[PDB]
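# Need coordinates for the below:
(2 chains)
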Amino acid sequence: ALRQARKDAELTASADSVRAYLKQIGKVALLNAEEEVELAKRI
DNA sequence: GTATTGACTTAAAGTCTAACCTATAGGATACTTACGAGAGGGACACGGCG
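Numbering: from 1, shown residues only, chains lettered A, B, ... in the order given. Find the structure here:
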């Protein structure tokens, strides 16, 4: 229902392409300090 | 007047040095989604017949 409409809106054209880039970047969330330390040690 | 040579001075330039541009890098608290009509053609929905 509501989640179905969410998934339907997840697949739209978005001809602006800045809105498309924003919906693309919306996929990945933030991180906090300890995982930053872990990533730095790994790299 | 028209043919010369021998000095005699003069304005215009290759090269070394200095400053003034130019390409380039760097700069740690933590901050995470802007602001009219007029006609033709193609695509999506809905209903009809075998």
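# What residues does chain A have near DNA strand B?
A:16, A:18-19, A:22, A:25-26, A:30-31 (Cβ under 7 Å from any atom of the strand). All C-beta spots, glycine's among them, are computed from the backbone N, C-alpha and C.
# CSV please, covering those residues and showing secondary structure and neighbour count.
CSV is the format used below for the residues of chain A next to DNA strand B (DSSP: H, G, I helix; E, B strand; the rest coil; neighbours: other Cβ atoms under 10 Å):
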residue, secondary structure, neighbour count
A:16, coil, 10
A:18, helix, 8
A:19, helix, 12
A:22, helix, 11
A:25, helix, 8
A:26, coil, 8
A:30, coil, 5
A:31, coil, 10
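# So the residue nearest the centre of chain A: helix, strand or coil?
In chain A, the centroid-proximal residue (Cα atoms, centre = their mean) is residue A:27; its distance is 1.4 Å. Of the three states, residue A:27 takes coil under DSSP: H, G, I helix; E, B strand; the rest coil.
# So what does it have for phi and psi?
phi -70, psi -30 (degrees, to the nearest 10).
# ok, it - contacts?
Contacts for residue A:27 (Cβ atoms under 8 Å, 6 or more residues apart in numbering) come out as none.
# picking up where we left off before, closest to residue A:37 out of the residues of chain A next to DNA strand B?
residue A:31 (10.3 Å; Cβ to Cβ).
# Check the gap between the residue lying closest to the closest one once chain neighbours are set aside and DNA strand B for me.
In space, and not counting its chain neighbours, residue A:31 is closest to residue A:39: 7.6 Å by Cβ to Cβ, 6 or more residues apart in numbering. Going from residue A:39 to DNA strand B by Cβ to the nearest atom of the strand, to the nearest Å gives 12 Å.
# and what of residue A:4?
For residue A:4, the distance to DNA strand B - Cβ to the nearest atom of the strand - is 15 Å.
# Next up, identify which helix or strand that residue is on.
Here residue A:4, judged by DSSP states H and E, is contained in helix A:2-10.
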